[PDB]
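**Q** Residue numbers (the authors' numbering), protein chains in the order written: chain A, 146 to 242; chain B, 10 to 79, 107 to 293; chain C, 50 to 97; chain D, 403 to 502; chain E, 10 to 71; chain F, 661 to 711; chain G, 17 to 244, 252 to 261.
Take this structure first; my questions come after.
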Ligand SMILES: [Zn+2]
Ligand SMILES: [Zn+2]
């Protein structure tokens with residue numbers, strides 16, 4: 146049992162919670178703003194900067210909808226002739242949707 | 010479900026989504042003047058069971074004005117399952133949780149004055165009680181579409197009801213709609229199930245008919261010398277010597293033949 | 050890379066960034082390179 | 403099913419956000435440069451990233467070691483990857499559930 | 010309207026956090042960050058607990 | 661040059677927005693943080709075993 | 017030589033190549049005749065435009081193909097002259113009928129390919145009417161003035177300085193681009209004013225001016241005078 150080497154002190158770390166540290170925080174390393182939707186980031190950036198931040202996704206969506214109502218207003222009456230040999234197809238609107 | 014004083018009383022069981030926690034309610038008014046069912050706020054913490062799929066107990070937790078029962109005076113909490121005594125299907129509410137101050141229903145001693153709204157009526161057999169002639173029809177909020185005092189046959193008479201059920205000889209009587217009922221075990225037995233293809237699910241039940249290239253020589257030899265046994269692939273055909281042909285749903289365990 | 054013991058093991062045995070030394074060696078890769086030890090750490094003869 | 407399991411249809415996603423640009427000291431002389439013909443996607447790789455086993459943890463917006471993507475739009479801006487674009491960088495996944 | 014299992018009716022004087030809604034304390038980025046991390050790992054811990062109860066063998070349960 | 665640039669850089673609002681690529685180093689260590697799908701002591705593939 | 021054997025590049029627009037013996041052979045076995053049912057000229061109720069886009073002189077010269085011999089679905093590649101922008105090209109009738117394929121220039125006719133008519137931008141005849149006269153005159157200048165002022169159409173213009181003809185873009189000429197598209201070079205308007213060969217001299221004037229004033233030139237100048252309440256984040260510097 147007690148032959149052969151002394152018991153390594155680091156063993157203590159198992160039985161005593163006092164010695165479990167982490168000297169630093171998760172993102173103190175400079176990554177703090179990674180989570181875009183965390184409360185910490187909402188506190189750091191403030192709201193108007195978050196608006197500025199997501200404006201691009203807003204205009205993505207608006208782009209989808211704008212295309213959709215253009216196609217709807219174009220093909221709404223399903224049968225007409227809108228172009229040279231091209232005529233209205235409800236199927237266009239369908240597939241975009 | 011029972012009647013008194015002109016209205017319904019139903020027993021139900023409120024439950025969390027994982028059905029870990031539960032509360033019985035004995036007599037609840039079925040009232041279709043409530044767009045959404047109302048519970049006491051205190052139950053919100055009683056019914057909260059934080060499972061794996063919902064790390065917080067509920068999927069939806071917000072604040073609503075909820076001034077309909079009696107600026108955020110209440111809380112919308114979802115989804116809480118609800119089992120009513122009559123019905124086989126669970127009904128899933130997202131109820132208003134109301135504190136004491138907003139509305140206090142203590143109304144009689146030990147009695148909590150709970151009621152069920154159209155949130156839960158839309159999802160039950162209870163809904164058929166909402167149509168003309170039913171027991172909730174009196175309690176619908178007044179509309180152009182709903183006439184208060186009309187006799188039932190008067191109303192249905194306007195919708196085009198003329199006589200009683202199947203009274204005119206031109207309409208078949210309801211019970212001849214289903215005459216025979218097919219149960220394999222009670223009659224004629226099970227089907228003989230074959231397949232041509234990869235599996236039972238991937239192929240057709242049909243064999244190939246007599247007109248196949250490879251079956252013609254064989255079937256010939258089989259027509260001419262009927263009594264001796266003949267080689268061929270002509271065995272696999274739907275057609276063969278024996279009076280019993282191979283076609284789908286042959287009942288082979290039937291006594292006759 | 051899914052069938053092969055990963056590279057970093059050789060670090061865990063000989064220390065991190067240990068190979069950058071070896072890569073600048075005079076005679077390298079003709080034929081031989083400083084031996085690269087990758088063996089799943091539960092098989093190590095030394096420790097286990 | 404829809405009433406009882408609301409969380410089985412995803413209504414939420416990591417928003418596409420524009421990154422701040424690094425300052426160019428050379429000024430207008432180089433400002434033409436990062437503005438070009440195409441979009442430029444950049445996905446990160448390394449020892450901590452690109453492993454299918456860990457995939458969701460790596461796309462998880464809560465994790466700070468989360469794999470990093472970026473996109474230069476042809477006008478020169480930079481934005482985070484749309485979720486589709488993020489998923490493009492993993493071996494293709496087949497989802498089919500036969501149960502209903 | 011008789012209620013079983015619901016213990017004293019209307020519970021006892023408990024408002025929800027959002028409804029009562031005391032004025033939100035402004036923590037320095039320190040306070041906020043630490044709140045986010047401790048409650049994140051609080052949720053992590055809970056998820057662990059549940060998974061362990063799910064995976065418990067029947068003999069252990071008995 | 662540096663000064664004019666810092667000026668017109670701080671003047672625009674689309675900046676002051678964290679850039680994941682410019683700002684930090686996610687992981688500096690040569691070994692991974694958790695075990696991903698590498699062959700086991702028996703030689704079995706990542707797909708064949710759960711850690 | 018060796019390198020002759022290399023397959024050409026096939027960009028995104030173009031479908032099947034037919035460069036290999038395997039790819040050629042099954043179509044080599046198709047022999048067309050023109051009946052009354054196949055003849056293009058019978059179908060002018062529909063395809064009238066397509067009929068008036070054909071080069072009747074050039075096709076019978078080079079291809080030895082009569083106009084009465086051309087099927088509505090014809091696979092042969094014949095010469096066309098665009099009745100909109102007036103440019104010549106060679107394609108098959110089949111491809112103009114089955115989908116719309118036609119002069120490559122009128123592909124970029126609208127301001128964006130993705131959304132064809134979605135522009136809310138005024139025509140050239142309105143926004144910048146002084147451009148319509150600089151167009152090289154093929155007689156189609158009334159059709160080209162009809163285009164969007166944001167249009168990506170590649171048009172040819174007669175340079176003011178040397179009176180020769182060069183080729184630039186309508187939107188590059190106006191400078192205006194649609195919201196959500198890519199910004200052009202801030203100077204693009206001044207730079208496309210002339211030939212690529214005639215452009216240098218005039219645009220080197222303000223630079224010589226600015227080195228005359230201060231004896232020193234830095235491109236910085238514009239951005240500087242752009243400088244003479253912005254929300255900003257809390258920082259962790261402290
Ligand atoms: Zn054209
Ligand atoms: Zn010129």
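Don't be surprised by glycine CBs; every beta carbon is placed ideally from N, CA and C.
Tell me whether residue 213 of chain G counts as near ligand 2, meaning its Cβ is closer than 7 Å to at least one heavy atom of that ligand.
**A** Stepping through the seventh chain from its first residue, residue 213 of chain G is reached at position 197. Residue 213 of chain G: yes, Cβ under 7 Å from ligand 2.
**Q** Pull up the DSSP beta-bridge partners for residue 16 of chain B, would you.
**A** On the second chain, position 7 is the one that residue 16 of chain B refers to. In DSSP, residue 16 of chain B forms a bridge with B:13.
**Q** Run through chain D and tell me which residues come within less than 7 Å of residue 666 of chain F, C-beta to C-beta.
**A** Taking the sixth chain and counting its residues from 1, one reaches residue 666 of chain F at position 6. Chain D residues near residue 666 of chain F: 425.
**Q** Would residue 87 of chain B and residue 463 of chain D be called neighbours here (beta carbons separated by less than 8 Å)?
**A** Within chain B, residue numbering steps from 79 directly to 107, and residue 87 of chain B belongs to the interval with no atoms modelled.
**Q** For residue 445 of chain D and residue 451 of chain D, I'd like the C-alpha separation in whole angstroms.
**A** The residue you call residue 445 of chain D lines up with position 43 of the fourth chain. The residue you call residue 451 of chain D lines up with position 49 of the fourth chain. Their backbone Cα atoms lie some 10 Å apart in a straight line.
**Q** Under 6 Å Cβ to Cβ from residue 24 of chain B, same chain only, skipping five residues before and after it: list those, please.
**A** Along the second chain, read from residue 1 onward, the residue named residue 24 of chain B stands at position 15. The residues are 31 and 117.
**Q** Starting from residue 73 of chain B, follow the beta strand (DSSP E) in both directions and report where the run begins and ends.
**A** Sequence index remark: in the second chain, residue 73 of chain B carries index 64 (1-based). Segment 69-73, the beta strand (DSSP E) holding residue 73 of chain B.
**Q** Cα-Cα, which of D:465, D:499 and D:454 is closest to residue 491 of chain D?
**A** Translated into positions along the fourth chain, residue 491 of chain D becomes position 89. Of the listed residues, the one whose Cα sits closest to residue 491 of chain D is D:454.
**Q** Who are the Cβ neighbours of residue 441 of chain D in its own chain at under 7 Å, not counting the five residues just before and after it?
**A** For the purposes of this step, residue 441 of chain D is taken as residue 39 along the fourth chain, with counting starting at 1. For residue 441 of chain D, where only same-chain residues beyond five positions count, the Cβ hits under 7 Å are 473, 474, 475 and 476.
**Q** Can you determine whether any heavy atom of ligand 1 sits closer than 7 Å to the C-beta of residue 103 of chain G, and answer yes or no?
**A** Mapped onto the seventh chain, residue 103 of chain G falls at position 87. Yes, since a heavy atom of ligand 1 falls inside the 7 Å radius drawn around the Cβ of residue 103 of chain G.
**Q** Thinking just about the alpha-carbon of each residue, which of G:202, G:125, G:197 and G:88 is nearest to the one in residue 439 of chain D?
**A** Position 37 of the fourth chain holds residue 439 of chain D. Considering only alpha carbons, the answer is G:197.
**Q** Can the beta-carbon of residue 6 of chain B be found less than 8 Å from the beta-carbon of residue 43 of chain B?
**A** This structure gives no information on residue 6 of chain B, because the portion of chain B shown stretches from 10 to 293.
**Q** Would residue 72 of chain B and residue 153 of chain B qualify as a contact pair, given that the criterion is a beta-carbon distance under 8 Å?
**A** On the second chain, residue 72 of chain B is found 63 positions in, with the first residue counted as 1. On the second chain, residue 153 of chain B is found 117 positions in, with the first residue counted as 1. No, Cβ-Cβ distance for residue 72 of chain B and residue 153 of chain B is not below 8 Å.
**Q** Is DSSP giving residue 31 of chain G helix, strand or coil here?
**A** In the seventh chain, counting from the first residue as 1, residue 31 of chain G sits at position 15. Of the three classes helix, strand and coil, the one that applies to residue 31 of chain G here is coil, per DSSP.
**Q** Which full runs of the beta strand (DSSP E) of 3+ residues lie inside the segment 114-138 of chain B, going along the chain?
**A** The qualifying runs are 116-120, 127-129 and 132-134.
**Q** Using 8 Å as the threshold, is the C-beta distance between residue 174 of chain A and residue 702 of chain F below it?
**A** As a first step, residue 174 of chain A is located in the first chain; it is residue number 29 there, counting from the start. As a first step, residue 702 of chain F is located in the sixth chain; it is residue number 42 there, counting from the start. Going by C-beta atoms, residue 174 of chain A is not nearer than 8 Å to residue 702 of chain F.
**Q** Quick one: complete beta strand (DSSP E) runs, 3+ long, within the segment 123-174 of chain G?
**A** Whole beta strand (DSSP E) segments, 3+ residues: 170-174.
**Q** To the nearest angstrom, report how far apart residue 148 of chain A and residue 163 of chain A are at their CA atoms.
**A** Here residue 148 of chain A corresponds to residue number 3 of the first chain, with the count starting at 1. Here residue 163 of chain A corresponds to residue number 18 of the first chain, with the count starting at 1. Going from the Cα of residue 148 of chain A to the Cα of residue 163 of chain A covers about 29 Å.
**Q** Considering Cα atoms alone, identify which of B:263, B:292, B:279 and B:41 is closest to residue 165 of chain B.
**A** Translated into the one-based positions of the second chain, residue 165 of chain B becomes position 129. Residue 165 of chain B has its Cα closest to that of B:41, out of B:263, B:292, B:279 and B:41.
**Q** Would you verify that the beta carbon of residue 690 of chain F is, or is not, closer than 8 Å to some beta carbon of chain C?
**A** One-based indexing of the sixth chain puts residue 690 of chain F at position 30. Cβ-Cβ to chain C under 8 Å: yes for residue 690 of chain F.
**Q** When burial is assigned at 16 or more other CB atoms within 10 Å of the CB, is residue 221 of chain A buried or exposed?
**A** Along the first chain, one-based indexing puts residue 221 of chain A at 76. It is exposed - the Cβ of residue 221 of chain A has fewer than 16 other Cβ atoms within 10 Å.
**Q** For residue 58 of chain G, I'd like the list of residues in its chain whose CB is within less than 7 Å of its CB, leaving aside the five on either flank, ordered along the chain.
**A** Counting from 1 along the seventh chain, the entry for residue 58 of chain G is found at position 42. Hits under 7 Å: 52.
**Q** Opposite residue 445 of chain D in the DSSP bridges: which residues?
**A** Here residue 445 of chain D refers to the residue found at position 43 when the fourth chain is read from its first residue. In DSSP, residue 445 of chain D forms a bridge with D:471.
**Q** Taking buried to mean at least 16 other C-beta atoms within 10 Å of its own C-beta, is residue 434 of chain D buried or exposed?
**A** In the fourth chain, residue 434 of chain D corresponds to position 32, counting from 1. Answer is exposed; the Cβ neighbour count stays below 16.
**Q** Verify the contact flag: residue 175 of chain G, CB atom, against every heavy atom of ligand 2, threshold strictly below 7 Å.
**A** Position 159 of the seventh chain, counted from the first residue, corresponds to residue 175 of chain G. Residue 175 of chain G Cβ: within cutoff of ligand 2.
**Q** Any heavy atom of ligand 2 closer than 7 Å to the CB of residue 180 of chain G?
**A** Position 164 of the seventh chain, counting from 1, holds the residue named residue 180 of chain G. Residue 180 of chain G Cβ: within cutoff of ligand 2.
**Q** Between residue 256 of chain G and residue 194 of chain A, how many whole angstroms is the CB-CB distance? I'm expecting something under 8 Å.
**A** Here residue 256 of chain G refers to the residue found at position 233 when the seventh chain is read from its first residue. Here residue 194 of chain A refers to the residue found at position 49 when the first chain is read from its first residue. With a Cβ gap of about 6 Å, residue 256 of chain G and residue 194 of chain A count as contacting.
**Q** When you check each C-beta in the segment 46-76 of chain G against every C-beta of chain A, which residues fall closer than 7 Å?
**A** Those residues of the segment 46-76 of chain G that come within reach of chain A (Cβ to Cβ, closer than 7 Å) are 62, 63 and 65.
**Q** Listed in chain order, which residues of the segment 429-441 of chain D have Cβ atoms closer than 8 Å to some Cβ of chain G?
**A** Those would be 429, 430, 431, 434 and 437, in chain order.
**Q** Among the candidates B:35, B:107, B:263 and B:22, whose CA atom is the shortest distance from the CA of residue 128 of chain B?
**A** Position 92 of the second chain holds residue 128 of chain B. Among B:35, B:107, B:263 and B:22, the Cα nearest to that of residue 128 of chain B belongs to B:22.
**Q** If residue 176 of chain B and residue 182 of chain B are in contact, beta carbons under 8 Å, what's the gap, nearest whole angstrom?
**A** Counting from one through the second chain, the residue named residue 176 of chain B turns up at place 140. Counting from one through the second chain, the residue named residue 182 of chain B turns up at place 146. At roughly 5 Å, the Cβ-Cβ gap stays under 8 Å, so residue 176 of chain B and residue 182 of chain B are in contact.
**Q** Do residue 63 of chain G and residue 88 of chain G come within 8 Å of each other at the CB atom, strictly closer than that value?
**A** The sequence position of residue 88 of chain G within the seventh chain is 72, counting from 1. The sequence position of residue 63 of chain G within the seventh chain is 47, counting from 1. Yes, Cβ-Cβ distance for residue 88 of chain G and residue 63 of chain G is below 8 Å.
**Q** Please determine, among E:56, E:39 and E:11, the residue with the shortest C-alpha to C-alpha distance to residue 20 of chain B.
**A** As a working mapping, residue 20 of chain B is identified with position 11 in the second chain. Taking only the C-alpha atoms, the option nearest residue 20 of chain B is E:11.
**Q** So does residue 4 of chain G have its beta carbon nearer than 7 Å to some heavy atom of ligand 1?
**A** This structure cannot speak to residue 4 of chain G, because chain G is shown only from 17 to 261.
**Q** Anyone know if the C-beta pair for residue 162 of chain G and residue 127 of chain G falls short of 8 Å?
**A** The residue given as residue 162 of chain G occupies position 146 in the seventh chain. The residue given as residue 127 of chain G occupies position 111 in the seventh chain. No, they are not a contact pair.
**Q** Starting from residue 97 of chain G, trace the beta strand (DSSP E) in both directions and tell me its first and last residue.
**A** The count along the seventh chain starts at 1 and reaches residue 97 of chain G at position 81. Residue 97 of chain G -> beta strand (DSSP E) spans 93-97.
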